[PDB]
Amino acid sequence: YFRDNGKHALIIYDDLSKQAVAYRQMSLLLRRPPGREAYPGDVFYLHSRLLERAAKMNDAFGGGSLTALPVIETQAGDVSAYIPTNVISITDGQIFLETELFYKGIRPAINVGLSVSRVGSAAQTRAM
Amino acid sequence: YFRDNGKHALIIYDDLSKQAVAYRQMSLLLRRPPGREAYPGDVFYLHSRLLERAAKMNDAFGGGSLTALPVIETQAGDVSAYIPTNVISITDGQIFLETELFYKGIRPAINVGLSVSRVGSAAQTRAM
Amino acid sequence: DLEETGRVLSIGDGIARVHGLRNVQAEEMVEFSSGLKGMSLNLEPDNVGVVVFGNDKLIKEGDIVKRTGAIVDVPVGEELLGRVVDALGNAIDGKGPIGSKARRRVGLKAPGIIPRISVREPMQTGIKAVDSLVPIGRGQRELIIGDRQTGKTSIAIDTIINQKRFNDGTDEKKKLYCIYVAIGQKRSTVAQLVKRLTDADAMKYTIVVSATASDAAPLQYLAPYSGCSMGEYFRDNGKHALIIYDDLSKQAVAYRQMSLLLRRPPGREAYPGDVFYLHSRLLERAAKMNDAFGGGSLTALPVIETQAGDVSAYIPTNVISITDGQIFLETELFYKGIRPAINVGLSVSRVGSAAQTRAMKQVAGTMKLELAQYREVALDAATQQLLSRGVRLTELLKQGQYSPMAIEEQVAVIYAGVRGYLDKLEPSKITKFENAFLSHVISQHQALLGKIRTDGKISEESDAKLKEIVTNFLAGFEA
Amino acid sequence: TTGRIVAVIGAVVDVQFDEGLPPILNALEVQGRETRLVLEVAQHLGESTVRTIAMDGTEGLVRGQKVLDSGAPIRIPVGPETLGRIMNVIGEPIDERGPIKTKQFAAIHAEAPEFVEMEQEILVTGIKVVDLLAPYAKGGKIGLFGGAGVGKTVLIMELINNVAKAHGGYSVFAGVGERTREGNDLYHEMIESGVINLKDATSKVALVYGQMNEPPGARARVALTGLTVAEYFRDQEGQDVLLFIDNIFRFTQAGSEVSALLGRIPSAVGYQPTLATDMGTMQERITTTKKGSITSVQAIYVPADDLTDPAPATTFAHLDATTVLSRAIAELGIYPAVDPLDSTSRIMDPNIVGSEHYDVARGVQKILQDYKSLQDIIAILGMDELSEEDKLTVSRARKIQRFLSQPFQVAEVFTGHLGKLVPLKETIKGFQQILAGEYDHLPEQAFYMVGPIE
Amino acid sequence: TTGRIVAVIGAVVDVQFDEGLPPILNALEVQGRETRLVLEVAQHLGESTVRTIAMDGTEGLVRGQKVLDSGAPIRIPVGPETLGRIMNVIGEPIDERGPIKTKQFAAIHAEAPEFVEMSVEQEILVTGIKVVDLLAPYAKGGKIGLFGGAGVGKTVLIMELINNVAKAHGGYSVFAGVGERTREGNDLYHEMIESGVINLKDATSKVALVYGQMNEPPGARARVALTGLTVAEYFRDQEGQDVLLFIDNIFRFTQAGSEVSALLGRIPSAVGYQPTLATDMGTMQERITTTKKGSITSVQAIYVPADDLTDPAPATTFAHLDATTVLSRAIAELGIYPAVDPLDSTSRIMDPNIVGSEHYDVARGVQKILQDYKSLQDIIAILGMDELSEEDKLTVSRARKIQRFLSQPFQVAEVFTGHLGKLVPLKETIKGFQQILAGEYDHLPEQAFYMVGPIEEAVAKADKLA
Amino acid sequence: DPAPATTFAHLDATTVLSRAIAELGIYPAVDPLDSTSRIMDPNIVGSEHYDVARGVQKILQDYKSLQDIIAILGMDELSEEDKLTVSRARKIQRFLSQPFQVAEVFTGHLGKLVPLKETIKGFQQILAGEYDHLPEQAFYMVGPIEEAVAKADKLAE
Amino acid sequence: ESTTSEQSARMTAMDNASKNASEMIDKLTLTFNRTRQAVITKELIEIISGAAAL
Ligand SMILES: Nc1ncnc2c1ncn2[C@@H]1O[C@H](COP(=O)(O)OP(=O)(O)O)[C@@H](O)[C@H]1O
Ligand SMILES: Nc1ncnc2c1ncn2[C@@H]1O[C@H](COP(=O)(O)OP(=O)(O)O)[C@@H](O)[C@H]1O
Ligand SMILES: Nc1ncnc2c1ncn2[C@@H]1O[C@H](COP(=O)(O)OP(=O)(O)O)[C@@H](O)[C@H]1O
Ligand code: ALF
Ligand SMILES: [Mg+2]
Ligand SMILES: [Mg+2]
Ligand SMILES: [Mg+2]
């Protein structure tokens with residue numbers, strides 16, 4: 001609604017890991033075929049169509065925008081587990097948090113040598 | 001029969017690993033669908049209902065008892081595997097034996113830190 | 001007629017279910033109207049399940065299916081020589097019909113215990129490191145194993161090129177007909193291989209069976225059994241054939257695809273429980289026949305591709321447990337310039353020592369011991385000497401591609417090294433030394449070489465002679 | 001013929017026909033929808049019903065809804081009119097510039113050239129690090145490796161930009177799992193640099209997008225659509241075409257998702273049982289025929305960084321070379337972020353590229369792997385314990401490092417600096433020198449982010 | 001009574017009978033075949049149909065093809081007329097020498113010997129192989145299992161045992177080749193004819209051969225071990241005399257069972273195996289046994305898939321044994337042969353009241369020093385022995401010498417070791433390890449204890465090395 | 001595992017126990033680097049409590065990251081600061097153990113209950129270096145810090 | 001003489017240590033990829049086995 005009317009919205013999805021668990025429950029109980037970790041073959045598409053709705057509109061369309069910050073919970077640091085791999089590949093970048101950094105006193109616990117932003121400088125002010 | 005008649009009995013189950021394996025055969029052949037590690041999803045209940053029957057009775061029930069020493073065979077020393085922890089999670093303690101101690105001449109080959117008794121000194125004379 | 005023909009009930013997942021075919025035999029070839037062939041796999045009370053040897057989109061529900069009356073078989077004979085065929089035996093090289101006059105079942109059981117004898121005639125690869133240290137005999141099964149890009153195929157191709165000396169010779173018993181089965185490889189690669197064989201003039205005695213990466217899985221699964229039956233034709237008629245399966249890793253992947261589509265229970269790495277047997281029945285058919293069965297043979301060199309040098313994985317170990325040894329190739333050896341990249345210590349020929357010429361025997365023995373002692377040490381003059389010989393010997397085992405060497409030349413070369421004529425040389429100069437010496441003995445000392453070749457040994461005289469030649473060559477050696 | 005939908009389960013639709021069933025791989029058109037909805041037949045279930053995979057969403061479908069058999073597999077527009085346009089998997093324009101008026105159409109499913117229907121050459125990129133150390137060969141498949149956000153796509157863009165020369169300069173870009181934001185950015189850059197001309201017919205690249213938010217059957221088939229566009233150029237007009245596939249991992253995963261949806265049992269590590277034949281049927285079509293050739297650059301995602309994972313492992317059987325980008329290199333400021341010590345070619349040798357080129361390349365790896373040794377000691381013991389000799393290897397090396405850096409035309413929107421296209425000639429030359437020392441006094445800047453040695 | 005095939009899938013054939021169903025385990029005969037084709041009843045499906053397993057290939061079978069019930073399970077020739085012969089899974093001669101004219105026949109299926117028939121006598125069987133006799137000694141009439149990954153040395157070890165124990169053994173031997181190389185069956189047969197252990201002219205042969213190798217379909221590999229053991233039972237009992245039974249390789253029985261379990265309709269268990277893996281194994285293994293009537297000394301090679309000793313097949317086999325010899329690829333790659341893991345080979349007979357306190361104390365001391373060393377290795381992995389402490393330096397040097405003195409050149413491996421074979425007597429194996437542990441050779445180089453026989457040979461080799 | 005991984009989102013505080021800690025005889029076997037609470041915030045428990053708890057976590061995480069270099073390059077190869085991380089972390093590990101009253105049948109020790117202020121103080125004093133002179137075993141299985149100073153005297157004979 | 005003997009020995013020692021380590025990294029890396037692959041495969045076979053058994 002804000003995106004399409006010349007305004008700017010920020011959405012946080014906290015979290016998508018749980019949303020995929022709910023979808024899996026339905027898929028398995030309707031007896032659709034289970035894949036890796038028992039997720040169905042369209043769980044990638046469940047997230048990809050949700051996240052491609054975030055966008056920056058052109059002037060003809062009002063200049064508005066919708067920014068998304070999905071949250072994924074990993075297990076024991078596994079960023080190559082199914083649902084995480086899917087949401088990492090879909091997004092424009094990722095902010096990786098790590099428990100070892102956190103208890104060492106690095107808080108926020110961001111691994112800046114591994115975090116990604118393909119947009120980068122294009123979204124910064126000149127002094128920053 | 002002893003337990004309920006004022007007497008005391010000691011039972012050894014040697015071993016419960018082989019019993020779980022026979023239970024998994026029967027169950028798969030009855031076409032009950034397997035759970036983890038291809039064992040029936042109630043492999044814990046197989047052993048918990050059995051081991052619960054070892055008990056100490058009060059005086060009104062004649063004061064007899066039944067003491068059990070079930071045996072589980074681990075693989076490559078993995079004491080924290082699924083079947084092994086299921087049984088640990090049932091008994092009032094475990095005696096864990098390790099091959100490296102056995103060959104070092106530490107026999108009985110008891111790993112002290114990983115072995116416990118859940119009755120403790122309540123089961124020892126004052127002198128011990 | 002539902003006895004001799006039937007109609008497709010369903011198709012997808014690679015199995016065609018067929019109504020009718022009441023008289024079909026288990027394992028019979030059936031024909032679809034489109035022209036594709038299939039094998040009757042499952043006979044059930046209300047259908048026949050058929051494996052399709054090609055693309056199943058060319059099959060639709062209602063399509064007519066007809067018996068052939070014959071258990072799956074392929075054309076065989078000397079007509080297949082110099083040709084390139086698919087897994088069913090059809091020509092794919094554009095040179096016309098195969099003029100074959102006989103056929104043979106792809107699934108024939110291997111020879112039993114009685115018709116055999118232990119291997120005893122050399123299967124010469126022309127590769128110094130193999131012919132000396134991992135000798136292969138006619139009838140033997142010797143696995144070629146190692147990671148991608150280690151030179152596995154190249155060993156095979158040089159072996160095939162090597163046979164021209166015998167095949168263009170008189171002595172028919174020394175001849176060796178070759179079969180190269182390409183399984184899951186790229187088309188362009190097979191085409192490049194055929195051109196190479198053609199330029200080396202080795203195609204005239206080779207059959208190429210191809211089921212490449214875009215061919216349907218069942219053809220890739222079948223190809224090895226087909227080539228094997230083409231090789232058996234020589235084995236049983238007093239002749240000798242050599243078959244290369246390049247490779248069985250891809251054949252087991254094609255088989256796992258078919259099995260999973262058939263819903264067979266996946267095991268280790270999701271392979272079906274009969275994946276060992278897939279290979280075992282195939283390789284048992286390479287054998288050496290005693291004289292009462294004509295004295296012929298079928299030698300096999302199956303190829304297995306490892307992942308990061310892990311020879312303890314399921315398929316590798318399966319195949320190691322079927323063959324009579326193996327030639328292990330390693331990436332580290334390759335990168336360092338140890339080419340061919342053969343790990344000597346880990347490689348083995350379980351039955352080939354009995355089939356190595358005495359001549360090679362009288363020099364490979366000491367090189368084996370000398371490399372055995374070296375392998376320990378890689379100051380102190382003694383261990384330091386071992387080091388020296390080991391470094392020179394290793395240089396001698398290096399060899400380029402496409403120039404498989406006659407055995408008497410290999411001996412002449414190994415001789416220089418184990419007799420010490422190379423010690424006072426720069427490690428860097430052995431190769432140049434070896435080429436110059438070989439052109440020399442080849443030009444100026446044919447007779448001596450002809451001798452070693454003919455006698456099959458190095459006489460007391462040939463040894464004294466050779467001592468002189470090498471000596472007088474090392475003096476004038478300029479490098 | 002016209003059939004009826006009998007089942008809808010997400011992206012799988014079962015369709016029943018009274019007469020004549022559409023063979024496997026045929027395209028069915030659903031009737032009564034605002035936008036075209038294609039179903040690809042995957043199986044014949046028996047009882048006259050076909051199981052299909054949808055190429056777009058299936059919400060709103062009703063049991064009983066009519067469906068026409070196109071009488072063929074998915075067909076798309078092929079010809080020069082595809083140049084400068086953006087197309088989806090079923091060949092429809094998605095750039096909003098109206099119809100794609102070609103004179104022909106082509107099936108996206110096609111057998112590879114037969115055994116009889118098929119030497120080595122070299123494809124000049126104008127990118128010094130590649131043309132020097134790991135040059136591409138026309139007709140081959142090149143894997144492009146690199147962590148997220150390192151520059152793979154930017155590199156794809158420069159390659160499309162530089163190719164506009166010798167053997168022609170036509171390109172097809174297939175975006176498998178294309179992120180919509182990026183498909184907008186790639187389009188705008190192609191227009192900006194001129195490779196796409198919205199005014200005339202000089203466009204040199206056709207774009208085919210299989211977007212992330214599309215169903216699995218659309219993402220699995222878009223590489224084939226892209227491949228079909230290219231086959232026209234090679235076959236009907238005798239060209240040496242370039243096919244960009246970004247990313248091939250998502251071709252594999254889309255195939256693994258379709259297999260799972262059809263209820264097939266997964267293979268090792270969760271991949272489809274048909275992993276190798278799926279890869280095989282696509283790749284084999286990428287080859288040199290007498291009529292010409294198709295060279296392919298394929299961005300490859302490596303799961304968990306395990307090169308033995310089945311997906312990269314199967315893909316590698318089809319590659320002739322690689323281009324390996326590196327984050328550690330990008331973060332220290334060098335673009336393109338190529339690791340000069342990890343790129344190779346199934347065919348880079350003096351017999352092929354010629355002593356000169358060869359020696360220049362190989363001379364650069366020794367200096368680099370030599371400078372790498374001295375790094376510890378320089379940092380720890382100080383950049384002084386170095387002998388006059390070793391001290392020399394360092395300055396030469398550091399100088400070569402930056403000469404490997406290059407400002408890209410398509411990178412102008414980022415750095416604001418001009419881009420440079422460097423001829424093999426000017427590349428080979430400049431690197432041959434370094435050793436010499438003609439630049440020892442020359443500082444490490446007339447070397448960083450420059451084109452020609454001069 | 002006759003039936004008709006209603007279904008065929010590989011080795012599994014369904015057969016419908018209009019009158020009299022054949023009971024489970026009966027052997028049925030397929031009509032219209034060039035060579036005898038047996039179907040063993042496995043199940044009653046209902047509707048007068050039974051499910052069976054073929055003993056040979058099913059290519060060429062047609063639905064409706066006729067089948068007769070033989071009225072009993074597979075029965076084979078047993079007795080003195082099997083000696084010197086080669087039979088297959090259904091008891092047919094596969095040596096081209098004509099019929100096997102015995103007086104007796106025996107079913108290949110039979111109930112195991114009951115608890116009351118068990119014998120409890122334990123006596124050592126000396127092999128002359130140092131590592132086996134010292135650490136995990138074999139018992140006469142006992143069960144011996146040789147575990148090993150592909151190509152690590154199980155067959156070579158079997159052949160050395162035949163050569164050190166059998167050849168000069170009172171009674172008869174049975175060798176059952178199960179799922180291995182036919183050419184190894186041709187090698188064995190020829191070698192026994194060359195030595196006279198098999199005589200094609202007299203009645204003096206001492207071994208009966210039974211084969212069903214890796215060229216056979218699964219039903220034949222799943223039953224061929226029963227054929228071999230049936231021959232051995234007869235000599236055990238029906239003569240009461242001490243037989244040697246060699247099986248190479250019993251894992252192939254369990255592997256063949258997993259190929260058909262799928263065709264039989266079962267839900268798979270762990271690793272894709274048959275759910276019945278352990279009870280199938282048990283019903284076969286419990287017949288391979290010494291009883292009060294007579295003794296069987298059985299030696300079974302046990303393949304280990306992907307080198308994983310925890311795979312359900314090798315793992316379930318451990319309980320069926322009295323002595324285990326475990327071979328390791330890592331050890332083989334260090335050039336130590338036989339490639340026996342001295343800390344994973346065990347014996348129920350390694351008790352001081354049986355082998356005496358000196359054998360027992362030396363074996364326990366060798367194992368303690370080798371485990372102590374293994375434990376140091378784990379902590380030296382990166383920093384070598386320098387950082388190590390001189391006394392630990394002494395555990396290392398001794399353990400290294402002991403590991404090499406466990407190596408030994410076998411008569412059947414001379415081609416690979418380039419060393420003549422050696423047989424070391426029990427008392428000398430004990431003395432030599434006793435001496436090393438006492439420090440008597442702390443001044444000899446390691447290399448001297450490698451590939452020799454008795455300890456006097458290490459000493460010599462030491463001088464030679466100088 | 002799915003059961004416990006799904007339970008975390010329902011809690012406000014978690015106490016995670018570990019067999020690897022139990023095995024060393026450290027009871028209660030609480031993993032101090034995986035036990036969390038919604039009220040562990042300086043504005044709720046105050047900055048002193050908050051700062052000591054984070055300093056205890058930091059030293060325990062730094063010790064954990066060094067253990068596998070100590071074991072390989074030896075303690076002597078460690079900096080002096082790294083040596084203090086080690087001795088103090090190992091003392092803090094033992095001070096987190098405690099004799100429970102319901103666990104006397106298992107420890108052979110009388111149970112102890114330690115007031116919040118005494119807990120904060122004891123750990124702040126160890127981190128500050130006040131007890132670098134006492135042996136490790138003094139902080140094992142006691143209640144208040146005064147009890148460790150007294151055990152150190154006892155052990156010193 | 002001692003310093004030259006000391007430094008010569010330390011080099012050689014860290015050299016072996018450095019080679020031992022790289023070998024430990026290869027066994028571990030390969031252990032890691034094989035285990036990661038087997039966990040996914042194994043978990044999936046348990047899912048399918050339970051699914052098909054209904
Ligand atoms: N002896 C050799 N000397 C030089 N190059 C070699 C040699 N053997 C093989 N190669 C080259 O190594 C590459 C890999 O060889 P190939 O036989 O295809 O390995 P694989 O079949 O194991 O993948 C090929 O380009 C081949 O030409
Ligand atoms: N050659 C380059 N010059 C400057 N910036 C670059 C270059 N390549 C990449 N970048 C920066 O990195 C970002 C991500 O690049 P991209 O090609 O999308 O990475 P990848 O495809 O590897 O994920 C770009 O948007 C830009 O900010
Ligand atoms: N005792 C041994 N001494 C030397 N080499 C041996 C020995 N045992 C095995 N080997 C080597 O291993 C090869 C395979 O051994 P074998 O017993 O046949 O394997 P398997 O365990 O598969 O039965 C032998 O041919 C030989 O080269
Ligand atoms: F050859 Al084997 F077990 F590998 F007998
Ligand atoms: Mg190859
Ligand atoms: Mg990108
Ligand atoms: Mg063997």
# chains A, B, ... in the order shown; residues from 1 in each chain; ligands from 1

$ interface_residues --of "chain E" --to "chain B" --cutoff "6 Å" --atoms "only C-alpha atoms" --output "PyMOL selection string"
chain E and resi 269-270+275-276+367-368

$ residues_near_ligand --ligand "ligand 6" --cutoff "7 Å" --atoms "only C-alpha atoms and all ligand atoms" --output "VMD selection string"
chain D and resid 148 to 149 151 to 153

$ write_last_selection --atoms "N, CA, C and O atoms" --output "short mmCIF file (atom, residue, chain, number, x, y, z; two decimals), in the first residue's frame"
data_model
loop_
_atom_site.label_atom_id
_atom_site.label_comp_id
_atom_site.auth_asym_id
_atom_site.auth_seq_id
_atom_site.Cartn_x
_atom_site.Cartn_y
_atom_site.Cartn_z
N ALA D 148 29.10 -14.86 -2.96
CA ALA D 148 28.07 -13.86 -3.21
C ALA D 148 28.59 -12.42 -3.18
O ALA D 148 29.31 -12.07 -2.23
N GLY D 149 28.19 -11.62 -4.17
CA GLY D 149 28.53 -10.20 -4.18
C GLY D 149 29.98 -9.90 -4.53
O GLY D 149 30.42 -8.74 -4.51
N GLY D 151 31.33 -10.23 -7.64
CA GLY D 151 31.47 -9.65 -8.96
C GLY D 151 31.20 -10.56 -10.13
O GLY D 151 31.54 -10.24 -11.28
N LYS D 152 30.68 -11.76 -9.90
CA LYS D 152 30.44 -12.69 -11.00
C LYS D 152 29.60 -12.05 -12.11
O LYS D 152 29.93 -12.14 -13.28
N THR D 153 28.44 -11.50 -11.70
CA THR D 153 27.52 -10.92 -12.67
C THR D 153 28.14 -9.71 -13.39
O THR D 153 28.02 -9.55 -14.61
#

$ atom_distance --atom1 "atom CA of residue C:382" --atom2 "atom CA of residue E:464"
13.6 Å

$ interface_residues --of "chain F" --to "chain E" --cutoff "12 Å" --atoms "only C-alpha atoms" --output "VMD selection string"
chain F and resid 68 to 74

$ write_last_selection --atoms "C-alpha atoms" --output "mmCIF file, in the first residue's frame"
data_model
loop_
_atom_site.group_PDB
_atom_site.id
_atom_site.type_symbol
_atom_site.label_atom_id
_atom_site.label_comp_id
_atom_site.auth_asym_id
_atom_site.auth_seq_id
_atom_site.Cartn_x
_atom_site.Cartn_y
_atom_site.Cartn_z
ATOM 1 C CA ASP F 68 43.519 -26.109 21.072
ATOM 2 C CA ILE F 69 46.714 -24.103 20.707
ATOM 3 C CA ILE F 70 47.761 -24.594 24.311
ATOM 4 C CA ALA F 71 47.393 -28.293 23.810
ATOM 5 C CA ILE F 72 49.565 -28.070 20.699
ATOM 6 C CA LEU F 73 52.110 -25.254 21.172
ATOM 7 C CA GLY F 74 52.196 -25.492 24.969
#

$ interface_residues --of "chain A" --to "chain D" --cutoff "12 Å" --atoms "only C-alpha atoms" --output "ChimeraX atom specification"
/A:27,30-58,77-82,84-94,112-123

$ calpha_fit_rmsd --fixed "chain B" --moving "chain A"
0.7 Å

$ interface_residues --of "chain C" --to "chain G" --cutoff "10 Å" --atoms "only C-alpha atoms" --output "PDB file with N, CA and C atoms, in the first residue's frame"
ATOM      1  N   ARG C 263      11.535 -47.112  -7.623  1.00  0.00           N
ATOM      2  CA  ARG C 263      11.242 -47.125  -6.194  1.00  0.00           C
ATOM      3  C   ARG C 263      11.902 -48.249  -5.427  1.00  0.00           C
ATOM      4  N   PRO C 265      14.596 -49.593  -2.781  1.00  0.00           N
ATOM      5  CA  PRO C 265      15.114 -48.986  -1.571  1.00  0.00           C
ATOM      6  C   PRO C 265      16.546 -48.506  -1.686  1.00  0.00           C
ATOM      7  N   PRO C 266      16.785 -47.223  -1.523  1.00  0.00           N
ATOM      8  CA  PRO C 266      18.130 -46.676  -1.519  1.00  0.00           C
ATOM      9  C   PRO C 266      18.939 -47.070  -0.287  1.00  0.00           C
ATOM     10  N   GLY C 267      20.214 -47.358  -0.471  1.00  0.00           N
ATOM     11  CA  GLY C 267      21.181 -47.629   0.582  1.00  0.00           C
ATOM     12  C   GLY C 267      22.265 -46.558   0.695  1.00  0.00           C
ATOM     13  N   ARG C 268      23.529 -46.972   0.899  1.00  0.00           N
ATOM     14  CA  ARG C 268      24.650 -46.077   0.965  1.00  0.00           C
ATOM     15  C   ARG C 268      24.709 -45.172  -0.272  1.00  0.00           C
ATOM     16  N   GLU C 269      24.862 -43.874  -0.085  1.00  0.00           N
ATOM     17  CA  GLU C 269      24.835 -42.921  -1.179  1.00  0.00           C
ATOM     18  C   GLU C 269      23.617 -43.107  -2.071  1.00  0.00           C
ATOM     19  N   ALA C 270      22.553 -43.664  -1.545  1.00  0.00           N
ATOM     20  CA  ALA C 270      21.319 -43.893  -2.264  1.00  0.00           C
ATOM     21  C   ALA C 270      21.434 -44.921  -3.384  1.00  0.00           C
ATOM     22  N   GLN C 307      36.403 -39.221  -5.666  1.00  0.00           N
ATOM     23  CA  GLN C 307      36.154 -37.812  -5.322  1.00  0.00           C
ATOM     24  C   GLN C 307      37.157 -37.502  -4.196  1.00  0.00           C
ATOM     25  N   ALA C 308      38.071 -36.590  -4.419  1.00  0.00           N
ATOM     26  CA  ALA C 308      39.120 -36.231  -3.481  1.00  0.00           C
ATOM     27  C   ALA C 308      39.923 -37.430  -3.007  1.00  0.00           C
ATOM     28  N   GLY C 309      40.302 -38.330  -3.898  1.00  0.00           N
ATOM     29  CA  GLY C 309      41.185 -39.428  -3.573  1.00  0.00           C
ATOM     30  C   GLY C 309      40.609 -40.428  -2.585  1.00  0.00           C
ATOM     31  N   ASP C 310      39.298 -40.426  -2.324  1.00  0.00           N
ATOM     32  CA  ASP C 310      38.729 -41.402  -1.399  1.00  0.00           C
ATOM     33  C   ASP C 310      38.387 -42.750  -2.061  1.00  0.00           C
ATOM     34  N   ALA C 313      35.327 -45.127  -0.446  1.00  0.00           N
ATOM     35  CA  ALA C 313      33.889 -44.952  -0.730  1.00  0.00           C
ATOM     36  C   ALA C 313      33.262 -46.234  -1.256  1.00  0.00           C
TER      37      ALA C 313
END

$ residues_near_ligand --ligand "ligand 3" --cutoff "9 Å" --atoms "only C-alpha atoms and all ligand atoms" --output "PyMOL selection string"
(chain C and resi 320-322+324-325+347-351) or (chain E and resi 146-160+180+248-249+301-303+327+332+335-339+407-417)

$ atom_distance --atom1 "atom CA of residue C:428" --atom2 "atom CA of residue C:387"
15.0 Å

$ interface_residues --of "chain F" --to "chain A" --cutoff "7 Å" --atoms "only C-alpha atoms" --output "PDB file with C-alpha atoms, in the first residue's frame"
ATOM      1  CA  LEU F  33      28.000 -19.920  26.939  1.00  0.00           C
ATOM      2  CA  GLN F  57      31.251 -15.016  29.453  1.00  0.00           C
ATOM      3  CA  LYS F  58      34.076 -13.243  27.638  1.00  0.00           C
ATOM      4  CA  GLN F  61      34.848 -17.807  25.452  1.00  0.00           C
ATOM      5  CA  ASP F  62      38.453 -16.551  25.079  1.00  0.00           C
TER       6      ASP F  62
END
